[PDB]
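So this one's work39.cif, mmCIF, C-alpha atoms (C1' of nucleotides):
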data_work
#
loop_
_atom_site.group_PDB
_atom_site.id
_atom_site.type_symbol
_atom_site.label_atom_id
_atom_site.label_comp_id
_atom_site.auth_asym_id
_atom_site.auth_seq_id
_atom_site.Cartn_x
_atom_site.Cartn_y
_atom_site.Cartn_z
ATOM 1 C CA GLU A 1 -22.438 -27.851 52.202
ATOM 2 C CA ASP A 2 -22.701 -24.763 49.978
ATOM 3 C CA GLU A 3 -19.655 -23.148 51.658
ATOM 4 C CA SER A 4 -17.432 -23.253 48.542
ATOM 5 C CA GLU A 5 -17.739 -27.048 48.147
ATOM 6 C CA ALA A 6 -20.410 -27.233 45.443
ATOM 7 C CA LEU A 7 -19.172 -23.800 44.349
ATOM 8 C CA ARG A 8 -15.684 -25.291 43.930
ATOM 9 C CA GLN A 9 -17.092 -28.272 42.015
ATOM 10 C CA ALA A 10 -19.029 -25.988 39.665
ATOM 11 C CA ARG A 11 -15.946 -23.753 39.390
ATOM 12 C CA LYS A 12 -13.795 -26.654 38.173
ATOM 13 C CA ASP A 13 -16.598 -27.794 35.849
ATOM 14 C CA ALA A 14 -16.796 -24.266 34.421
ATOM 15 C CA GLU A 15 -13.001 -24.165 34.135
ATOM 16 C CA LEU A 16 -13.028 -27.319 31.994
ATOM 17 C CA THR A 17 -15.649 -25.896 29.591
ATOM 18 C CA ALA A 18 -15.276 -24.797 25.955
ATOM 19 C CA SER A 19 -16.327 -21.087 25.851
ATOM 20 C CA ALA A 20 -16.515 -20.953 22.038
ATOM 21 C CA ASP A 21 -16.271 -17.097 21.705
ATOM 22 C CA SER A 22 -12.766 -15.714 21.285
ATOM 23 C CA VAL A 23 -13.382 -12.499 23.244
ATOM 24 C CA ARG A 24 -14.804 -14.484 26.169
ATOM 25 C CA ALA A 25 -11.892 -16.925 25.963
ATOM 26 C CA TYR A 26 -9.360 -14.090 26.071
ATOM 27 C CA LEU A 27 -11.090 -12.436 29.033
ATOM 28 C CA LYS A 28 -11.184 -15.748 30.913
ATOM 29 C CA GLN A 29 -7.508 -16.267 30.071
ATOM 30 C CA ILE A 30 -6.435 -12.838 31.350
ATOM 31 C CA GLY A 31 -8.577 -12.988 34.480
ATOM 32 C CA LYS A 32 -6.263 -15.483 36.195
ATOM 33 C CA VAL A 33 -3.278 -13.249 36.987
ATOM 34 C CA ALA A 34 -3.692 -11.050 40.057
ATOM 35 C CA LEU A 35 -3.117 -7.302 40.276
ATOM 36 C CA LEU A 36 -0.126 -5.424 41.687
ATOM 37 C CA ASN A 37 0.916 -2.348 43.673
ATOM 38 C CA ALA A 38 3.608 0.329 43.645
ATOM 39 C CA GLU A 39 6.425 -1.500 45.456
ATOM 40 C CA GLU A 40 5.877 -4.609 43.334
ATOM 41 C CA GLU A 41 6.073 -2.478 40.186
ATOM 42 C CA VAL A 42 9.265 -0.867 41.533
ATOM 43 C CA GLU A 43 10.966 -4.201 42.181
ATOM 44 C CA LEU A 44 9.862 -5.607 38.801
ATOM 45 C CA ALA A 45 11.305 -2.526 37.081
ATOM 46 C CA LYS A 46 14.567 -2.873 39.022
ATOM 47 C CA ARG A 47 14.846 -6.518 37.974
ATOM 48 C CA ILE A 48 14.146 -5.531 34.345
ATOM 49 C CA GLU A 49 16.915 -2.919 34.373
ATOM 50 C CA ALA A 50 19.358 -5.275 36.112
ATOM 51 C CA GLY A 51 18.691 -8.064 33.611
ATOM 52 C CA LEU A 52 18.989 -5.722 30.630
ATOM 53 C CA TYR A 53 22.329 -4.392 31.855
ATOM 54 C CA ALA A 54 23.474 -7.955 32.583
ATOM 55 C CA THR A 55 22.775 -9.199 29.060
ATOM 56 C CA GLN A 56 24.244 -6.017 27.522
ATOM 57 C CA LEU A 57 27.417 -6.411 29.592
ATOM 58 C CA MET A 58 27.717 -10.131 28.841
ATOM 59 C CA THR A 59 27.275 -9.583 25.095
ATOM 60 C "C1'" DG B 1 18.500 32.301 -95.245
ATOM 61 C "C1'" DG B 2 20.363 28.237 -91.570
ATOM 62 C "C1'" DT B 3 23.893 27.029 -87.047
ATOM 63 C "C1'" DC B 4 25.727 28.283 -82.571
ATOM 64 C "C1'" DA B 5 26.360 31.168 -77.834
ATOM 65 C "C1'" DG B 6 23.210 33.576 -74.357
ATOM 66 C "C1'" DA B 7 18.835 34.526 -71.830
ATOM 67 C "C1'" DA B 8 15.046 33.088 -69.658
ATOM 68 C "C1'" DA B 9 11.480 29.904 -67.798
ATOM 69 C "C1'" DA B 10 10.175 26.318 -63.960
ATOM 70 C "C1'" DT B 11 12.346 22.211 -61.311
ATOM 71 C "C1'" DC B 12 14.715 19.206 -58.047
ATOM 72 C "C1'" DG B 13 17.507 20.030 -54.697
ATOM 73 C "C1'" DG B 14 21.399 21.829 -51.403
ATOM 74 C "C1'" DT B 15 22.540 26.000 -48.370
ATOM 75 C "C1'" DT B 16 21.680 28.776 -45.052
ATOM 76 C "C1'" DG B 17 20.258 31.756 -41.914
ATOM 77 C "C1'" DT B 18 18.403 33.265 -38.451
ATOM 78 C "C1'" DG B 19 14.190 33.685 -35.824
ATOM 79 C "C1'" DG B 20 11.830 32.125 -32.872
ATOM 80 C "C1'" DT B 21 10.035 27.904 -30.367
ATOM 81 C "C1'" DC B 22 9.252 24.347 -27.485
ATOM 82 C "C1'" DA B 23 10.893 21.217 -24.426
ATOM 83 C "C1'" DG B 24 14.362 18.989 -21.469
ATOM 84 C "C1'" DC B 25 15.823 19.040 -17.879
ATOM 85 C "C1'" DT B 26 18.225 21.536 -13.862
ATOM 86 C "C1'" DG B 27 18.728 23.632 -9.953
ATOM 87 C "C1'" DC B 28 16.463 25.076 -6.556
ATOM 88 C "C1'" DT B 29 13.702 26.848 -3.572
ATOM 89 C "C1'" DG B 30 10.113 27.092 -1.008
ATOM 90 C "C1'" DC B 31 6.690 24.391 0.782
ATOM 91 C "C1'" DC B 32 3.674 20.687 1.875
ATOM 92 C "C1'" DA B 33 2.558 16.010 2.645
ATOM 93 C "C1'" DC B 34 3.704 12.252 5.252
ATOM 94 C "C1'" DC B 35 5.904 9.299 8.778
ATOM 95 C "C1'" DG B 36 7.713 8.677 13.425
ATOM 96 C "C1'" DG B 37 8.208 9.766 18.458
ATOM 97 C "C1'" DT B 38 6.111 11.756 23.002
ATOM 98 C "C1'" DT B 39 2.524 13.304 26.952
ATOM 99 C "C1'" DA B 40 4.260 11.110 34.362
ATOM 100 C "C1'" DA B 41 -2.305 13.259 40.140
ATOM 101 C "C1'" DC B 42 -5.545 8.987 39.583
ATOM 102 C "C1'" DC B 43 -9.469 5.343 37.430
ATOM 103 C "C1'" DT B 44 -7.008 -2.728 36.032
ATOM 104 C "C1'" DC B 45 -11.910 -8.488 33.128
ATOM 105 C "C1'" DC B 46 -17.256 -7.972 26.719
ATOM 106 C "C1'" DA B 47 -22.838 -6.201 22.707
ATOM 107 C "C1'" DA B 48 -40.302 -22.428 9.309
ATOM 108 C "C1'" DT B 49 -40.641 -27.046 7.927
ATOM 109 C "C1'" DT B 50 -38.758 -31.576 6.140
ATOM 110 C "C1'" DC B 51 -35.311 -34.970 5.780
ATOM 111 C "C1'" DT B 52 -30.764 -37.278 6.655
ATOM 112 C "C1'" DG B 53 -26.966 -38.370 9.034
ATOM 113 C "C1'" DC B 54 -23.940 -38.117 13.439
ATOM 114 C "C1'" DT B 55 -22.911 -38.389 18.203
ATOM 115 C "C1'" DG B 56 -23.813 -38.687 22.886
ATOM 116 C "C1'" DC B 57 -26.266 -41.531 26.506
ATOM 117 C "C1'" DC B 58 -28.408 -44.826 29.520
ATOM 118 C "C1'" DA B 59 -30.513 -49.564 30.628
ATOM 119 C "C1'" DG B 60 -29.082 -54.178 30.466
ATOM 120 C "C1'" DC B 61 -27.645 -59.457 29.076
ATOM 121 C "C1'" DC B 62 -22.955 -61.421 29.141
ATOM 122 C "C1'" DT B 63 -18.587 -62.469 30.578
#
Show me the file's structure as C-alpha coordinates.
Amino acid sequence: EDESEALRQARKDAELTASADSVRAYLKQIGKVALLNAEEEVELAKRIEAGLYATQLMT
DNA sequence: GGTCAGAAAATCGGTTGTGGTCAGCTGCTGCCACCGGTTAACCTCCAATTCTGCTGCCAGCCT
(Lines of atoms letter the chains of each structure in order from A and count residues from 1; the text may use other names and numbers.)
(Lines give C-alpha, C1' and ligand atoms only; values in the text may rest on other atoms or scores of the structure.)
Protein backbone atom coordinates (compact mmCIF):
# COMPACT_ATOMS: atom_id res chain seq x y z
CA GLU A 1 0.00 0.00 0.00
CA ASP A 2 3.13 2.17 -0.10
CA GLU A 3 3.18 2.15 -3.93
CA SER A 4 2.49 5.89 -4.32
CA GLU A 5 -0.78 5.75 -2.34
CA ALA A 6 0.42 6.99 1.05
CA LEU A 7 3.13 8.84 -0.88
CA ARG A 8 0.40 10.59 -2.88
CA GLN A 9 -1.53 11.41 0.30
CA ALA A 10 1.57 12.89 1.94
CA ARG A 11 2.36 14.69 -1.34
CA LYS A 12 -1.03 16.43 -1.34
CA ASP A 13 -0.67 17.19 2.38
CA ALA A 14 2.75 18.72 1.71
CA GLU A 15 1.32 20.63 -1.25
CA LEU A 16 -1.31 22.24 1.00
CA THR A 17 1.30 23.39 3.55
CA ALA A 18 2.51 26.91 4.38
CA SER A 19 6.32 26.90 3.74
CA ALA A 20 6.91 30.25 5.49
CA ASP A 21 10.33 31.02 3.85
CA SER A 22 10.19 33.05 0.65
CA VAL A 23 13.16 31.34 -1.03
CA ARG A 24 11.65 27.91 -0.34
CA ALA A 25 8.26 29.13 -1.58
CA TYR A 26 9.78 30.40 -4.82
CA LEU A 27 11.69 27.16 -5.40
CA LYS A 28 8.53 25.12 -4.78
CA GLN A 29 6.64 27.42 -7.14
CA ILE A 30 9.18 27.07 -9.97
CA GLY A 31 9.60 23.32 -9.55
CA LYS A 32 6.21 22.55 -11.12
CA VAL A 33 6.93 23.36 -14.78
CA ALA A 34 8.78 20.64 -16.68
CA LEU A 35 11.92 21.05 -18.78
CA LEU A 36 12.25 21.27 -22.56
CA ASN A 37 14.41 20.24 -25.52
CA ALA A 38 15.73 21.69 -28.77
CA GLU A 39 12.74 21.12 -31.06
CA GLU A 40 10.36 22.48 -28.42
CA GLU A 41 12.53 25.59 -28.09
CA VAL A 42 12.55 25.93 -31.90
CA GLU A 43 8.76 25.77 -32.17
CA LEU A 44 8.28 28.18 -29.24
CA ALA A 45 10.66 30.64 -30.92
CA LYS A 46 8.81 30.29 -34.23
CA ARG A 47 5.50 31.00 -32.50
CA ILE A 48 7.05 34.04 -30.78
CA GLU A 49 8.28 35.47 -34.08
CA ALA A 50 4.97 34.75 -35.82
CA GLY A 51 2.97 36.43 -33.06
CA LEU A 52 5.27 39.45 -32.97
CA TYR A 53 4.98 39.93 -36.73
CA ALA A 54 1.21 39.44 -36.49
CA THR A 55 0.73 42.17 -33.89
CA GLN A 56 3.17 44.49 -35.71
CA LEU A 57 1.30 43.98 -38.99
CA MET A 58 -2.12 44.43 -37.38
CA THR A 59 -1.06 47.64 -35.62
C1' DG B 1 52.80 155.59 6.33
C1' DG B 2 47.98 152.72 4.92
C1' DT B 3 44.97 150.09 0.63
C1' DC B 4 44.90 147.00 -3.30
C1' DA B 5 46.77 143.31 -7.05
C1' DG B 6 49.89 139.05 -7.02
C1' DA B 7 52.29 134.98 -5.00
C1' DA B 8 52.31 131.25 -2.31
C1' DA B 9 50.70 127.73 1.05
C1' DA B 10 47.59 123.38 1.91
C1' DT B 11 42.71 121.56 0.71
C1' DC B 12 38.68 119.38 -1.37
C1' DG B 13 37.94 117.67 -5.40
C1' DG B 14 37.64 116.59 -10.68
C1' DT B 15 40.64 114.77 -14.63
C1' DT B 16 43.17 111.69 -16.52
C1' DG B 17 46.13 108.55 -17.97
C1' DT B 18 47.91 104.78 -18.60
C1' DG B 19 49.75 100.64 -16.54
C1' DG B 20 49.00 96.82 -15.28
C1' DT B 21 45.66 93.39 -13.19
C1' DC B 22 42.46 90.13 -12.35
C1' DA B 23 38.64 87.81 -13.70
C1' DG B 24 34.89 86.45 -16.85
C1' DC B 25 33.97 83.88 -19.60
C1' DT B 26 34.84 81.57 -24.29
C1' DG B 27 36.13 78.49 -27.25
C1' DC B 28 38.02 74.60 -27.50
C1' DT B 29 40.46 70.90 -27.31
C1' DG B 30 41.89 67.06 -25.65
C1' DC B 31 40.66 63.71 -22.57
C1' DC B 32 38.43 61.07 -19.10
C1' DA B 33 34.57 59.44 -16.61
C1' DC B 34 30.42 57.25 -17.11
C1' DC B 35 26.49 54.77 -19.19
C1' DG B 36 24.71 51.33 -22.40
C1' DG B 37 24.97 47.15 -25.42
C1' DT B 38 27.17 42.36 -26.53
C1' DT B 39 29.64 37.41 -26.01
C1' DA B 40 26.19 31.32 -29.71
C1' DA B 41 30.24 23.49 -27.83
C1' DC B 42 27.75 22.17 -23.24
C1' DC B 43 26.28 22.05 -17.66
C1' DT B 44 18.09 23.60 -15.70
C1' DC B 45 15.18 23.51 -8.14
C1' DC B 46 18.50 26.98 -1.29
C1' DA B 47 22.80 28.31 4.19
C1' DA B 48 16.62 31.16 30.68
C1' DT B 49 12.72 31.80 33.45
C1' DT B 50 8.02 33.79 34.58
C1' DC B 51 3.57 35.28 33.37
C1' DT B 52 -0.47 36.26 30.30
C1' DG B 53 -3.26 35.67 26.67
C1' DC B 54 -4.73 33.07 22.23
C1' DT B 55 -5.88 29.23 19.45
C1' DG B 56 -6.26 24.61 18.27
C1' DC B 57 -8.20 20.03 19.84
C1' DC B 58 -10.62 16.09 21.61
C1' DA B 59 -14.16 13.72 24.76
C1' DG B 60 -18.91 14.05 25.59
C1' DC B 61 -24.15 15.41 27.21
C1' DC B 62 -27.86 17.21 24.23
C1' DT B 63 -30.74 17.72 20.53
Requested in this report: Report the residues retrieved by the PyMOL selection byres ((chain B) within 8 of (chain A)) from the displayed file, expressed as an NGL selection string.
Outcome: :B and (44-46)
Query raised in the report: What is the distance, in Å and to one decimal place, between atom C1' of residue B:42 and atom CA of residue A:47?
Result: 25.7 Å
Provide an axis-aligned box for all listed atoms of stretch 27-36 of chain B, padding each side by 5 Å; report its centre and its edge lengths in Å to one decimal, as lines of an AutoDock Vina configuration file.
center_x = 10.6
center_y = 17.9
center_z = 1.7
size_x = 26.2
size_y = 28.4
size_z = 33.4
With the input short on atoms, add N, CA, C and O atoms back to stretch 39-57 of chain A and write it as an mmCIF file, keeping the file's coordinate frame.
data_model
loop_
_atom_site.group_PDB
_atom_site.id
_atom_site.type_symbol
_atom_site.label_atom_id
_atom_site.label_comp_id
_atom_site.auth_asym_id
_atom_site.auth_seq_id
_atom_site.Cartn_x
_atom_site.Cartn_y
_atom_site.Cartn_z
ATOM 1 N N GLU A 39 5.137 -0.906 45.106
ATOM 2 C CA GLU A 39 6.425 -1.500 45.456
ATOM 3 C C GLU A 39 6.729 -2.708 44.583
ATOM 4 O O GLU A 39 7.888 -2.941 44.213
ATOM 5 N N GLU A 40 5.697 -3.487 44.246
ATOM 6 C CA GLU A 40 5.877 -4.609 43.334
ATOM 7 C C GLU A 40 6.269 -4.133 41.943
ATOM 8 O O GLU A 40 7.136 -4.737 41.300
ATOM 9 N N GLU A 41 5.672 -3.033 41.476
ATOM 10 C CA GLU A 41 6.073 -2.478 40.186
ATOM 11 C C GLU A 41 7.502 -1.944 40.228
ATOM 12 O O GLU A 41 8.251 -2.089 39.252
ATOM 13 N N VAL A 42 7.904 -1.373 41.368
ATOM 14 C CA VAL A 42 9.265 -0.867 41.533
ATOM 15 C C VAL A 42 10.275 -2.005 41.461
ATOM 16 O O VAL A 42 11.279 -1.922 40.741
ATOM 17 N N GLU A 43 10.006 -3.101 42.176
ATOM 18 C CA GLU A 43 10.966 -4.201 42.181
ATOM 19 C C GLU A 43 10.996 -4.934 40.843
ATOM 20 O O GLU A 43 12.074 -5.363 40.411
ATOM 21 N N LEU A 44 9.854 -5.030 40.144
ATOM 22 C CA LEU A 44 9.862 -5.607 38.801
ATOM 23 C C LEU A 44 10.660 -4.744 37.831
ATOM 24 O O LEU A 44 11.415 -5.270 37.005
ATOM 25 N N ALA A 45 10.533 -3.417 37.941
ATOM 26 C CA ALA A 45 11.305 -2.526 37.081
ATOM 27 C C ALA A 45 12.799 -2.612 37.377
ATOM 28 O O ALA A 45 13.624 -2.570 36.453
ATOM 29 N N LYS A 46 13.161 -2.736 38.657
ATOM 30 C CA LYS A 46 14.567 -2.873 39.022
ATOM 31 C C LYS A 46 15.154 -4.174 38.494
ATOM 32 O O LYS A 46 16.298 -4.196 38.020
ATOM 33 N N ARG A 47 14.376 -5.259 38.541
ATOM 34 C CA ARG A 47 14.846 -6.518 37.974
ATOM 35 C C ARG A 47 14.984 -6.433 36.459
ATOM 36 O O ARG A 47 15.919 -7.011 35.892
ATOM 37 N N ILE A 48 14.073 -5.710 35.797
ATOM 38 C CA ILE A 48 14.146 -5.531 34.345
ATOM 39 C C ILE A 48 15.423 -4.795 33.960
ATOM 40 O O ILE A 48 16.154 -5.212 33.051
ATOM 41 N N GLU A 49 15.722 -3.706 34.674
ATOM 42 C CA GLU A 49 16.915 -2.919 34.373
ATOM 43 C C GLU A 49 18.192 -3.695 34.677
ATOM 44 O O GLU A 49 19.159 -3.629 33.904
ATOM 45 N N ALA A 50 18.197 -4.459 35.775
ATOM 46 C CA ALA A 50 19.358 -5.275 36.112
ATOM 47 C C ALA A 50 19.600 -6.359 35.071
ATOM 48 O O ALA A 50 20.742 -6.574 34.651
ATOM 49 N N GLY A 51 18.536 -7.030 34.622
ATOM 50 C CA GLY A 51 18.691 -8.064 33.611
ATOM 51 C C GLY A 51 19.121 -7.522 32.262
ATOM 52 O O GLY A 51 19.929 -8.145 31.562
ATOM 53 N N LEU A 52 18.597 -6.351 31.885
ATOM 54 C CA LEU A 52 18.989 -5.722 30.630
ATOM 55 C C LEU A 52 20.453 -5.307 30.650
ATOM 56 O O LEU A 52 21.180 -5.532 29.671
ATOM 57 N N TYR A 53 20.916 -4.732 31.766
ATOM 58 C CA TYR A 53 22.329 -4.392 31.855
ATOM 59 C C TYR A 53 23.204 -5.635 31.910
ATOM 60 O O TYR A 53 24.317 -5.622 31.376
ATOM 61 N N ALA A 54 22.709 -6.715 32.520
ATOM 62 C CA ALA A 54 23.474 -7.955 32.583
ATOM 63 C C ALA A 54 23.672 -8.563 31.201
ATOM 64 O O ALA A 54 24.788 -8.962 30.849
ATOM 65 N N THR A 55 22.608 -8.620 30.391
ATOM 66 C CA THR A 55 22.775 -9.199 29.060
ATOM 67 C C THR A 55 23.564 -8.276 28.136
ATOM 68 O O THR A 55 24.339 -8.769 27.305
ATOM 69 N N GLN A 56 23.432 -6.951 28.301
ATOM 70 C CA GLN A 56 24.244 -6.017 27.522
ATOM 71 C C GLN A 56 25.723 -6.168 27.853
ATOM 72 O O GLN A 56 26.572 -6.240 26.951
ATOM 73 N N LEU A 57 26.039 -6.262 29.147
ATOM 74 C CA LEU A 57 27.417 -6.411 29.592
ATOM 75 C C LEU A 57 28.004 -7.745 29.156
ATOM 76 O O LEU A 57 29.161 -7.803 28.722
#
